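A.B. asks: generate a structure from the sequence data that follows.
(one chain, ligands or ions: 2)
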Amino acid sequence: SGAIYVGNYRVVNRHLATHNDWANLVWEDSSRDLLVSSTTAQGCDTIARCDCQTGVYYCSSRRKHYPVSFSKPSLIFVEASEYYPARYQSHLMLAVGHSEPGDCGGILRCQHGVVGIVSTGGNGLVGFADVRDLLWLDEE
Ligand SMILES: CSc1ccccc1CC(=O)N1C[C@H](C)C[C@H](C(N)=O)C1
Ligand SMILES: [Zn+2]
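C.D. replies: Numbering: from 1, shown residues only. Ligands and ions are numbered 1, 2, ... in the order given. Take a look:
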């Protein structure tokens, strides 16, 4: 679990969104595993606006933050899970690292701010849903 809190927005994995998230929906995209809802209080996270390929992510199954090198956002085939069938997920970046299903939502960040959140995992791979292209998170 985990979310990004920027301005009056809450960014979560679409597959982990709550009823309150759907009832206060701003935007959602199943192909990216992302959902954004509105919040009453202002958040403290800042979104990175960069092309960094190195950063640090939080892994809840190890209570640890790990430095990683990650690929550029791309269209990647992801295997079937309890939340989606096997399909292509867009705007996904891969890295070598530990992940388990419950690690979804952990933040990946670089020197500029939040880059994205954990969305997929494999035997020693972790995938992150990028948010750096969502410029509207910084306004309104
Ligand atoms: C950190 S996720 C993980 C880690 C290790 C092993 C397996 C996983 C699970 C995983 O890759 N998916 C299942 C998740 C319910 C939906 C994901 C998606 N965004 O399509 C894909
Ligand atoms: Zn950066």
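
A.B. asks: C-alpha only now, for contacts and for neighbours.
C.D. replies: Fine.

A.B. asks: and residue 134, how far from ligand 1?
C.D. replies: Distance from residue 134 to ligand 1, counting by CA to the nearest ligand atom, to the nearest Å: 18 Å.

A.B. asks: let me fix that: residue 1
C.D. replies: Separation of residue 1 from ligand 1 (CA to the nearest ligand atom) stands at 10 Å.

A.B. asks: likewise residue 36?
C.D. replies: Distance from residue 36 to ligand 1, by CA to the nearest ligand atom: 15 Å.

A.B. asks: check residue 2 too.
C.D. replies: Taking CA to the nearest ligand atom, one finds residue 2 at 12 Å from ligand 1.

A.B. asks: same deal with residue 61?
C.D. replies: Going from residue 61 to ligand 1 by CA to the nearest ligand atom gives 10 Å.

A.B. asks: tell me which element that residue falls in.
C.D. replies: Remark: residue 61 resides in no helix or strand, with elements defined by DSSP states H and E.
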